[PDB]
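Have a look at the structure below before the remarks.
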Amino acid sequence: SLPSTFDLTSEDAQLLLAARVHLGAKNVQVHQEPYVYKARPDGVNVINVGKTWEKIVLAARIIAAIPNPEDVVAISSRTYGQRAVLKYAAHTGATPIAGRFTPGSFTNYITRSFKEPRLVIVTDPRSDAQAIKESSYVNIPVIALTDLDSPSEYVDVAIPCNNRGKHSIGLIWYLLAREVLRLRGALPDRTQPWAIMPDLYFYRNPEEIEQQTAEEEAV
Amino acid sequence: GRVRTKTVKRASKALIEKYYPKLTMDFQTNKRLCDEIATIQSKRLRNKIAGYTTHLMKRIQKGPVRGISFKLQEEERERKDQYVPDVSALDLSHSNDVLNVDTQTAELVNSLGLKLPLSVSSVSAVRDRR
Amino acid sequence: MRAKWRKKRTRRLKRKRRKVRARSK
Amino acid sequence: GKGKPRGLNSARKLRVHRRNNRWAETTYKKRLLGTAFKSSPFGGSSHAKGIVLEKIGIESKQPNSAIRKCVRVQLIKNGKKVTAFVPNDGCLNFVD
Amino acid sequence: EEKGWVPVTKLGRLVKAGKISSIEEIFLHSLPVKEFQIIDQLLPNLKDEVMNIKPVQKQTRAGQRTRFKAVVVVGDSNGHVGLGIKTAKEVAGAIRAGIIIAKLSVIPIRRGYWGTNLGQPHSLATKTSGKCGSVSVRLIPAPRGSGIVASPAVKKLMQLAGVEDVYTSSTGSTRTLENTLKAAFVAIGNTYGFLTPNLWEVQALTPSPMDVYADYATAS
Amino acid sequence: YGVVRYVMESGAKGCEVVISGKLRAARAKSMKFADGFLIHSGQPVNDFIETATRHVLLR
Amino acid sequence: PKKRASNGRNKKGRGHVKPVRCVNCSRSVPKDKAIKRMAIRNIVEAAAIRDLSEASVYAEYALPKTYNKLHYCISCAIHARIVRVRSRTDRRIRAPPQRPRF
Amino acid sequence: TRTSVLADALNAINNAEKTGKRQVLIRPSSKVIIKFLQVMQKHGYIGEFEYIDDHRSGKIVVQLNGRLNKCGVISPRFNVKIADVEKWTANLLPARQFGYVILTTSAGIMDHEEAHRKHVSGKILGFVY
Amino acid sequence: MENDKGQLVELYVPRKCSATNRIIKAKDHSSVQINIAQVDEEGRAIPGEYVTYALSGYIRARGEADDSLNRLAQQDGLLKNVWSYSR
RNA sequence: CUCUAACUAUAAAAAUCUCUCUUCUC
RNA sequence: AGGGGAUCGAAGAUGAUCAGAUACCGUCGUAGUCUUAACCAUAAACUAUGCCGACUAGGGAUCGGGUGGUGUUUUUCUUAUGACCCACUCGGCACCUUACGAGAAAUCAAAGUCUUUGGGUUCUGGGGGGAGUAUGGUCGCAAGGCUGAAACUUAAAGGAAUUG
Ligand SMILES: [Mg+2]
Ligand SMILES: [Mg+2]
Ligand SMILES: [Mg+2]
Ligand SMILES: [Mg+2]
Ligand SMILES: [Mg+2]
Ligand SMILES: [Mg+2]
Ligand SMILES: [Mg+2]
Ligand SMILES: [Mg+2]
Ligand SMILES: [Mg+2]
Ligand SMILES: [Mg+2]
Ligand SMILES: [Mg+2]
Ligand SMILES: [Mg+2]
Ligand SMILES: [Mg+2]
Ligand SMILES: [Mg+2]
Ligand SMILES: [Mg+2]
Ligand SMILES: [Mg+2]
Ligand SMILES: [Mg+2]
Ligand SMILES: [Zn+2]
């Protein structure tokens with residue numbers, strides 16, 4: 001099996017906790033996801049972070065198995081996880097799709113956005129149902145960042161995490177890209193934290209980018 | 001009833017997206033640019049194209065707008081995107097290396113067999129009436 | 001036509017025929 | 001599961017149910033009641049002779065405008081009277 | 001004739017490169033075919049003939065706008081069928097596009113033995129059925145050389161299939177040719193959808209042709 | 001269709017043919033065979049697209 | 001065919017309810033197929049609030065309201081503009097028309 | 001009321017197979033169900049089932065492996081003469097190369113091929129393939 | 001399937017769902033085939049060597065695809081206790 | 001990541017209609 | 001038949017609207033509406049879905065009951081109740097999503113587990129019209145109810161949905 005180097009390192013679990021991945025799943029629950037653990041008395045179910053990291057490493061193993069990098073195509077329609085996907089497509093040789101999905105992007109072969117990949121990564125099944133339906137129509141696996149409340153129809157291996165955080169999605173994409181690059185071998189050893197930062201995959205509202213520019217242009 | 005149909009709008013959009021450094025705020029200079037950099041058959045269409053180009057340029061000067069893009073704007077967007085804060089926003093950089101949890105995720109950490117310095121706090125299971 | 005009024009017309013025909021039979025019974 | 005009974009000892013009601021339902025057909029009802037023998041102009045007869053009474057033609061329906069040349073015949077076997085049709089271009093004059 | 005057929009899909013690129021040799025590789029991995037020229041390349045002798053031409057009218061404010069529905073069946077009489085149904089303005093274009101769809105929708109069939117296998121399969125393997133609209137078609141194996149006891153359209157579909165002997169039974173409004181042919185198509189394609197004792201052992205899941213030969217796709 | 005095919009083989013940007021009359025029926029009917037695109041308004045109708053009208057005598 | 005799986009009645013398990021009369025045409029209609037509108041309003045409109053306030057003793061009168069639940073028929077409800085015909089995919093929605101004002 | 005218990009068992013098996021599961025919980029668990037599932041085990045259409053004593057009719061937990069496609073009882077256990085076995089196989093089984101009409105003979109509950117081998121026939125129980 | 005002399009007459013002995021043992025139709029345009037890369041001692045994904053699981057379109061449509069993949073990967077020693085055999 | 005407010009309100013009368021329906025194949 | 005007798009209102013009386021209007025709008029208005037006995041047994045008596053039994057899919061609520069909470073306000077110092085909150089369960093009128101199933105579809109979580117056809121069982125239908133008519137029984141004071149054809153005629157009548 002996987003060598004014990006692939007266990008849940010203290011810093012990586014600690015990061016997962018800090019981004020409040022476990023904190024929120026839902027006040028409700030669907031029996032497709034047993035990744036629940038110790039439903040909090042606040043009525044906010046806790047997510048088993050170890051199971052989440054196991055799903056992350058499984059998804060990394062699946063992605064690394066693809067011989068040609070740009071048949072891994074990652075979707076994000078909701079704002080909170082747009083930038084991260086682009087950033088992911090920067091490091092791993094994946095193809096990003098942000099904002100709208102222009103339906104018919106998988107079945108219709110005439111559209112100039114017609115990409116025929118071998119794997120699809122989805123930030124949220126409930127928002128990206130169109131991509132899931134296209135992948136169904138064209139026989140494509142769907143590694144979706146499913147929450148404990150998102151539906152799991154036409155959804156393959158599903159990373160259980162938060163979808164309302166603006167922190168969880170970016171860091172989940174970080175761990176995914178980091179593990180994929182370790183698997184490929186571009187990153188030499190899987191112990192150093194890969195200096196570039198989790199905040200790189202975080203969301204950036206235009207109002208705060210304007211504020212940051214104003215603070216940068218003050219001097 | 002002036003609506004400036006497909007042709008003028010698309011031509012002006014392409015004109016901006018390919019020639020922003022040369023376009024100006026003035027209608028007459030942009031009219032001459034439309035004459036020299038593009039082969040508009042008639043001259044009424046040329047004037048309409050230059051007018052909408054000036055309007056779009058003024059809108060861009062006011063701020064960034066949807067649809068159209070050019071080298072300078074996309075470079076600025078990429079540079080703003082590459083912003084990564086030097087100070088850490090995780091790993092308990094705040095709250096004196098202490099992060100607050102409840103019992104349940106504390107037992108999660110315990111059963112995971114990891115040390116993970118925590119701070120317990122009951123969540124007052126009484127829910128807000130909203 | 002409505003089934004209601006066809007029914008009623010049949011009932012009135014039965015009216016007349018029943019009175020005639022009662023007269024000649 | 002279905003309206004009919006299914007038990008191994010339910011032959012009686014199945015048979016009587018089929019026997020009661022058979023009257024819903026028209027061929028079976030005609031065959032058993034013997035309506036052909038009693039009411040039809042011929043009783044189970046493919047052909048029948050008769051005597052011509054008069055020589056009439058009847059107009060056709062709406063989409064077809066013509067007068068088909070028929071003949072009223074009183075049957076000899078029982079005495080019923082029926083109209084019959086002489087089928088061809090110039091056969092009306094042939095029958096007197 | 002004049003045909004360049006620049007491949008726009010990865011499967012078409014692999015086929016044009018000559019890397020997929022048999023259509024069984026396409027059928028096995030449930031690969032999606034969107035170019036009829038792939039099917040032309042893999043099956044050079046796909047015969048076809050128009051089942052029916054049907055005038056279909058739409059009532060507009062000015063007259064009645066009439067198109068034509070062509071029902072085309074394509075096959076090679078060796079266990080491969082496709083059923084295209086198209087609607088178009090001109091009858092010739094309707095037939096051409098129906099042939100195109102039929103080639104796109106080619107499907108493999110599982111011919112079997114009625115009993116005591118001696119030569120090549122002569123009939124289907126098991127009883128199969130399909131239902132389109134209200135038309136339910138039931139195909140039942142028959143002894144060797146029993147002909148095709150079927151309506152002329154279904155009979156000709158079996159002839160294009162290569163099934164030489166089969167019994168059939170149709171229930172419903174088999175009048176409508178498209179529904180009957182679609183039900184028969186569902187049944188004959190369901191013939192490979194029935195698990196049979198002789199199909200019980202598991203296989204090793206040979207890797208997909210676009211995984212082993214992904215390099216020859218993705219025109220750079 | 002052969003005429004249209006030859007016309008677009010010649011390099012034309014669009015051809016159109018109207019055949020009106022008693023096409024295999026007593027009642028009159030008009031068949032349209034078009035390919036490419038044909039403009040209809042403005043002297044582009046006079047400048048680019050050229051037209052021809054002819055009568056054919058049959059039995 | 002069924003235009004309404006609920007049959008419009010909204011009864012589902014009663015068999016018979018007691019009818020009520022229409023406010024306009026006095027149509028004896030069942031109490032659930034008797035589309036109801038709770039008219040709560042001011043006894044003096046905004047057109048005369050200033051006039052009443054200036055010319056009233058008991059400074060800062062509460063200005064009491066008037067409440068009436070109107071039991072329309074259905075023909076009047078279509079005609080008196082209370083309820084409108086809807087798309088067959090819009091008939092699904094039973095929520096009130098999206099909070100007239102916030 | 002529960003009239004034919006084997007019907008309930010086979011219906012539960014069919015429902016839990018069509019949905020893609022690998023297990024069934026049959027409640028009443030008579031002799032006939034045990035023999036039927038034992039025949040299916042002998043012919044491979046079923047996996048590894050289990051009897052759960054309750055002191056009250058027991059229950060059965062059935063393990064499947066997706067090999068089966070349809071069970072089914074012939075609810076009126078028709079007296080099947082040895083001549084009528086072939087007609088039942090033709091009317092029920094999809095092909096002559098496989099399928100089994102499970103029928104109860106005086107020599108026990110057996111598949112139709114085994115009964116034809118013993119040259120004995122009785123009432124018909126159901127069909128599996 | 002088998003000719004009497006002993007040669008195969010079937011064409012394309014079809015795949016079967018690795019989770020429900022049901023065959024995969026030729027036109028089953030919902031089914032997928034997952035590849036999971038083998039991992040050596042130092043975490044380097046060995047190329048061209050992996051393990052494949054054919055998930056049917058039916059379970060994917062139902063919503064049991066991820067659970068089935070979890071179980072199937074746990075059985076062949078890929079994920080540690082991600083799936084419990086007793087719910 | 002925090003909320004429950006505004007409102008109305010018309011029904012005059014209007015009946016009837018004759019022909020005749022015509023192929024889609026590379 | 002006996003009692004009552006407000007309202008509203010078959011018949012009727014009119015006043016309007018109209019070409020006519022003994023119809024719709026309006027005003028009066030008997031029988032009736034309300035009852036105690038005795039009849040009547042029919043309704044779009046509708047969920048147009050027979051009953052009993054099993055299984056199959058996700059999401060919340062709602063009613064009746066019962067379990068547990070180291071739960072919250074309650075106040076009778078604390079507690080016991082009650083009232084809520086959270087979780088579960090049984091039963092009921094129901095509802096949202098979906099097809100992976102069924103249908104000719106509208107649609108149905110049953111109208112599913114039906115050509116891969118059998119859990120038990122009752123009633124009904126065999127193109128439309130004639131016709132729920134006649135006749136013969138039977139019930140009823142009467143009204144009418146139950147049972148209930150044929151002769152003959154007809155190539156359609158009808159269901160759902162699509163475009164105008
Ligand atoms: Mg005449
Ligand atoms: Mg134009
Ligand atoms: Mg113009
Ligand atoms: Mg209607
Ligand atoms: Mg209503
Ligand atoms: Mg009730
Ligand atoms: Mg009295
Ligand atoms: Mg009057
Ligand atoms: Mg008057
Ligand atoms: Mg009146
Ligand atoms: Mg009065
Ligand atoms: Mg009745
Ligand atoms: Mg009824
Ligand atoms: Mg009839
Ligand atoms: Mg009738
Ligand atoms: Mg009588
Ligand atoms: Mg209709
Ligand atoms: Zn009203």
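Letters A, B, ... go to the chains of the structure tokens in the order shown; residues in each chain start at 1; ligands are counted from 1 in the same order.
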Within-12 Å residues of ligand 16, basis only C-alpha atoms (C1' of nucleotides) and all ligand atoms, as an MDAnalysis selection string: (chainID C and resid 14 18) or (chainID K and resid 133:139 144:148)
Okay, now the selection with N, CA, C and O atoms (P, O5', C5', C4', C3', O3' and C1' of nucleotides), as a PDB file, in the first residue's frame?
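out09.pdb was written with the following content:
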```pdb
ATOM      1  N   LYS C  14     -91.891   9.354 -20.079  1.00  0.00           N
ATOM      2  CA  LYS C  14     -92.402   8.371 -19.132  1.00  0.00           C
ATOM      3  C   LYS C  14     -93.557   8.938 -18.314  1.00  0.00           C
ATOM      4  O   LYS C  14     -94.472   8.202 -17.943  1.00  0.00           O
ATOM      5  N   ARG C  18     -96.861   6.811 -18.463  1.00  0.00           N
ATOM      6  CA  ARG C  18     -97.367   6.283 -17.202  1.00  0.00           C
ATOM      7  C   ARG C  18     -98.774   6.784 -16.913  1.00  0.00           C
ATOM      8  O   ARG C  18     -99.620   6.018 -16.442  1.00  0.00           O
TER       9      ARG C  18
ATOM     10  P     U K 133     -82.943   4.686 -19.410  1.00  0.00           P
ATOM     11  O5'   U K 133     -84.002   4.374 -20.558  1.00  0.00           O
ATOM     12  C5'   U K 133     -84.310   5.343 -21.550  1.00  0.00           C
ATOM     13  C4'   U K 133     -84.932   4.710 -22.770  1.00  0.00           C
ATOM     14  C3'   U K 133     -85.912   3.577 -22.505  1.00  0.00           C
ATOM     15  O3'   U K 133     -87.212   4.038 -22.176  1.00  0.00           O
ATOM     16  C1'   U K 133     -84.401   2.939 -24.212  1.00  0.00           C
ATOM     17  P     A K 134     -88.214   3.106 -21.332  1.00  0.00           P
ATOM     18  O5'   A K 134     -88.560   1.903 -22.318  1.00  0.00           O
ATOM     19  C5'   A K 134     -89.405   2.092 -23.444  1.00  0.00           C
ATOM     20  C4'   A K 134     -89.630   0.792 -24.172  1.00  0.00           C
ATOM     21  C3'   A K 134     -90.178  -0.344 -23.320  1.00  0.00           C
ATOM     22  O3'   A K 134     -91.590  -0.309 -23.208  1.00  0.00           O
ATOM     23  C1'   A K 134     -88.297  -1.109 -24.521  1.00  0.00           C
ATOM     24  P     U K 135     -92.308  -0.785 -21.852  1.00  0.00           P
ATOM     25  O5'   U K 135     -92.105  -2.365 -21.841  1.00  0.00           O
ATOM     26  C5'   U K 135     -92.573  -3.171 -22.913  1.00  0.00           C
ATOM     27  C4'   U K 135     -91.917  -4.529 -22.904  1.00  0.00           C
ATOM     28  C3'   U K 135     -92.031  -5.303 -21.604  1.00  0.00           C
ATOM     29  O3'   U K 135     -93.277  -5.961 -21.469  1.00  0.00           O
ATOM     30  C1'   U K 135     -89.793  -5.359 -22.350  1.00  0.00           C
ATOM     31  P     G K 136     -94.058  -5.918 -20.068  1.00  0.00           P
ATOM     32  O5'   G K 136     -93.348  -7.055 -19.214  1.00  0.00           O
ATOM     33  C5'   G K 136     -93.097  -8.331 -19.784  1.00  0.00           C
ATOM     34  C4'   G K 136     -92.142  -9.136 -18.940  1.00  0.00           C
ATOM     35  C3'   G K 136     -92.254  -8.934 -17.442  1.00  0.00           C
ATOM     36  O3'   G K 136     -93.346  -9.633 -16.872  1.00  0.00           O
ATOM     37  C1'   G K 136     -89.979  -8.898 -18.073  1.00  0.00           C
ATOM     38  P     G K 137     -93.878  -9.229 -15.413  1.00  0.00           P
ATOM     39  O5'   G K 137     -92.938 -10.060 -14.436  1.00  0.00           O
ATOM     40  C5'   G K 137     -92.634  -9.580 -13.138  1.00  0.00           C
ATOM     41  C4'   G K 137     -91.242  -9.975 -12.718  1.00  0.00           C
ATOM     42  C3'   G K 137     -90.787  -9.423 -11.378  1.00  0.00           C
ATOM     43  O3'   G K 137     -91.265 -10.189 -10.289  1.00  0.00           O
ATOM     44  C1'   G K 137     -89.106  -9.038 -12.986  1.00  0.00           C
ATOM     45  P     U K 138     -92.331  -9.558  -9.267  1.00  0.00           P
ATOM     46  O5'   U K 138     -91.419  -8.862  -8.165  1.00  0.00           O
ATOM     47  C5'   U K 138     -90.260  -9.516  -7.673  1.00  0.00           C
ATOM     48  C4'   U K 138     -89.202  -8.524  -7.268  1.00  0.00           C
ATOM     49  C3'   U K 138     -89.697  -7.300  -6.518  1.00  0.00           C
ATOM     50  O3'   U K 138     -89.972  -7.547  -5.152  1.00  0.00           O
ATOM     51  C1'   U K 138     -88.208  -6.620  -8.208  1.00  0.00           C
ATOM     52  P     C K 139     -91.234  -6.840  -4.453  1.00  0.00           P
ATOM     53  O5'   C K 139     -90.644  -5.468  -3.905  1.00  0.00           O
ATOM     54  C5'   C K 139     -89.530  -5.460  -3.026  1.00  0.00           C
ATOM     55  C4'   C K 139     -88.851  -4.115  -2.998  1.00  0.00           C
ATOM     56  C3'   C K 139     -89.748  -2.914  -2.755  1.00  0.00           C
ATOM     57  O3'   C K 139     -90.106  -2.743  -1.396  1.00  0.00           O
ATOM     58  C1'   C K 139     -88.279  -2.444  -4.536  1.00  0.00           C
ATOM     59  P     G K 144     -90.033  10.352 -12.396  1.00  0.00           P
ATOM     60  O5'   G K 144     -88.558  10.148 -11.840  1.00  0.00           O
ATOM     61  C5'   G K 144     -87.843   8.956 -12.110  1.00  0.00           C
ATOM     62  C4'   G K 144     -87.290   8.361 -10.845  1.00  0.00           C
ATOM     63  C3'   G K 144     -86.445   7.111 -11.008  1.00  0.00           C
ATOM     64  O3'   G K 144     -85.116   7.379 -11.416  1.00  0.00           O
ATOM     65  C1'   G K 144     -88.016   6.756  -9.302  1.00  0.00           C
ATOM     66  P     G K 145     -84.288   6.264 -12.224  1.00  0.00           P
ATOM     67  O5'   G K 145     -83.755   5.291 -11.082  1.00  0.00           O
ATOM     68  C5'   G K 145     -83.038   5.809  -9.972  1.00  0.00           C
ATOM     69  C4'   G K 145     -82.854   4.776  -8.889  1.00  0.00           C
ATOM     70  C3'   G K 145     -82.287   3.437  -9.325  1.00  0.00           C
ATOM     71  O3'   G K 145     -80.885   3.465  -9.524  1.00  0.00           O
ATOM     72  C1'   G K 145     -84.118   3.080  -7.878  1.00  0.00           C
ATOM     73  P     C K 146     -80.233   2.690 -10.771  1.00  0.00           P
ATOM     74  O5'   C K 146     -80.287   1.157 -10.339  1.00  0.00           O
ATOM     75  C5'   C K 146     -79.642   0.712  -9.156  1.00  0.00           C
ATOM     76  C4'   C K 146     -79.910  -0.749  -8.895  1.00  0.00           C
ATOM     77  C3'   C K 146     -79.682  -1.688 -10.069  1.00  0.00           C
ATOM     78  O3'   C K 146     -78.320  -2.037 -10.246  1.00  0.00           O
ATOM     79  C1'   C K 146     -81.768  -2.171  -9.078  1.00  0.00           C
ATOM     80  P     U K 147     -77.720  -2.233 -11.724  1.00  0.00           P
ATOM     81  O5'   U K 147     -78.532  -3.471 -12.312  1.00  0.00           O
ATOM     82  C5'   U K 147     -78.396  -4.766 -11.746  1.00  0.00           C
ATOM     83  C4'   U K 147     -79.321  -5.760 -12.401  1.00  0.00           C
ATOM     84  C3'   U K 147     -79.235  -5.851 -13.914  1.00  0.00           C
ATOM     85  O3'   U K 147     -78.141  -6.633 -14.359  1.00  0.00           O
ATOM     86  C1'   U K 147     -81.504  -5.772 -13.255  1.00  0.00           C
ATOM     87  P     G K 148     -77.157  -6.067 -15.496  1.00  0.00           P
ATOM     88  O5'   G K 148     -78.110  -5.842 -16.752  1.00  0.00           O
ATOM     89  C5'   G K 148     -78.809  -6.933 -17.336  1.00  0.00           C
ATOM     90  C4'   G K 148     -79.888  -6.461 -18.277  1.00  0.00           C
ATOM     91  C3'   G K 148     -79.438  -5.539 -19.395  1.00  0.00           C
ATOM     92  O3'   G K 148     -78.843  -6.235 -20.475  1.00  0.00           O
ATOM     93  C1'   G K 148     -81.377  -4.653 -18.388  1.00  0.00           C
TER      94        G K 148
END
```
All residues within 9 Å of ligand 15 are required, counting only C-alpha atoms (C1' of nucleotides) and all ligand atoms; please report them as a PyMOL selection string. chain K and resi 129+131-132
Residue selection dump (N, CA, C and O atoms (P, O5', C5', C4', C3', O3' and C1' of nucleotides)) as a PDB file, in the first residue's frame:
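Once written, selection-v6.pdb looks like this:
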```pdb
ATOM      1  P     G K 129     -71.861   5.856 -27.332  1.00  0.00           P
ATOM      2  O5'   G K 129     -73.122   5.994 -28.295  1.00  0.00           O
ATOM      3  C5'   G K 129     -73.415   7.230 -28.926  1.00  0.00           C
ATOM      4  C4'   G K 129     -74.403   7.068 -30.054  1.00  0.00           C
ATOM      5  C3'   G K 129     -75.787   6.567 -29.677  1.00  0.00           C
ATOM      6  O3'   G K 129     -76.614   7.596 -29.162  1.00  0.00           O
ATOM      7  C1'   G K 129     -75.021   5.466 -31.640  1.00  0.00           C
ATOM      8  P     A K 131     -83.195   4.846 -27.827  1.00  0.00           P
ATOM      9  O5'   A K 131     -82.070   4.669 -26.714  1.00  0.00           O
ATOM     10  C5'   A K 131     -81.586   5.785 -25.972  1.00  0.00           C
ATOM     11  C4'   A K 131     -80.738   5.339 -24.807  1.00  0.00           C
ATOM     12  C3'   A K 131     -79.249   5.650 -24.932  1.00  0.00           C
ATOM     13  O3'   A K 131     -78.697   5.820 -23.628  1.00  0.00           O
ATOM     14  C1'   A K 131     -79.547   3.321 -24.812  1.00  0.00           C
ATOM     15  P     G K 132     -78.669   7.264 -22.924  1.00  0.00           P
ATOM     16  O5'   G K 132     -78.920   6.940 -21.385  1.00  0.00           O
ATOM     17  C5'   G K 132     -78.340   5.789 -20.777  1.00  0.00           C
ATOM     18  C4'   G K 132     -79.317   4.639 -20.717  1.00  0.00           C
ATOM     19  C3'   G K 132     -80.317   4.680 -19.562  1.00  0.00           C
ATOM     20  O3'   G K 132     -81.557   4.127 -19.997  1.00  0.00           O
ATOM     21  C1'   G K 132     -79.062   2.688 -19.447  1.00  0.00           C
TER      22        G K 132
END
```
With 12 Å as the cut-off and only C-alpha atoms (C1' of nucleotides) counted, what is the closest atom pair between each nearby residue of chain B and chain J? Distances in Å to one decimal, ordered by chain and number, as a tab-separated table.
```
residue	atom	partner	partner_atom	distance
B:128	CA	J:2	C1'	11.3
B:129	CA	J:3	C1'	11.3
B:130	CA	J:3	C1'	8.1
```
How close does chain K get to ligand 7? List, as a tab-separated table, each residue of chain K within 9 Å, its nearest atom pair and the distance in Å to one decimal, counting only C-alpha atoms (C1' of nucleotides) and all ligand atoms.
```
residue	atom	partner	partner_atom_place_in_ligand_line	distance
K:1	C1'	ligand 7	1 (Mg)	7.9
K:2	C1'	ligand 7	1 (Mg)	7.9
K:3	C1'	ligand 7	1 (Mg)	8.2
```
Selection above as a file: N, CA and C atoms (P, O5', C5', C4', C3', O3' and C1' of nucleotides), as a PDB file, in the first residue's frame:
```pdb
ATOM      1  P     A K   1    -100.670  14.337   3.682  1.00  0.00           P
ATOM      2  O5'   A K   1    -101.187  14.738   5.131  1.00  0.00           O
ATOM      3  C5'   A K   1    -100.315  15.364   6.056  1.00  0.00           C
ATOM      4  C4'   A K   1    -100.070  14.496   7.263  1.00  0.00           C
ATOM      5  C3'   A K   1     -99.629  15.229   8.516  1.00  0.00           C
ATOM      6  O3'   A K   1    -100.702  15.841   9.208  1.00  0.00           O
ATOM      7  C1'   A K   1     -98.193  13.408   8.163  1.00  0.00           C
ATOM      8  P     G K   2    -100.823  17.443   9.231  1.00  0.00           P
ATOM      9  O5'   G K   2    -100.147  17.853  10.612  1.00  0.00           O
ATOM     10  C5'   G K   2    -100.703  17.414  11.841  1.00  0.00           C
ATOM     11  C4'   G K   2     -99.696  17.449  12.963  1.00  0.00           C
ATOM     12  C3'   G K   2     -98.884  18.724  13.105  1.00  0.00           C
ATOM     13  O3'   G K   2     -99.597  19.792  13.704  1.00  0.00           O
ATOM     14  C1'   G K   2     -97.440  16.880  13.265  1.00  0.00           C
ATOM     15  P     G K   3     -99.425  21.286  13.134  1.00  0.00           P
ATOM     16  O5'   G K   3     -98.109  21.822  13.854  1.00  0.00           O
ATOM     17  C5'   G K   3     -97.982  21.765  15.267  1.00  0.00           C
ATOM     18  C4'   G K   3     -96.537  21.794  15.699  1.00  0.00           C
ATOM     19  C3'   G K   3     -95.758  23.051  15.344  1.00  0.00           C
ATOM     20  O3'   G K   3     -95.984  24.113  16.255  1.00  0.00           O
ATOM     21  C1'   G K   3     -94.484  21.146  14.771  1.00  0.00           C
TER      22        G K   3
END
```
Using only C-alpha atoms, find which residues of chain A lie within 12 Å of chain E and jot them down as a VMD selection string. chain A and resid 65 to 71 106 to 112 114 to 119 135 to 140
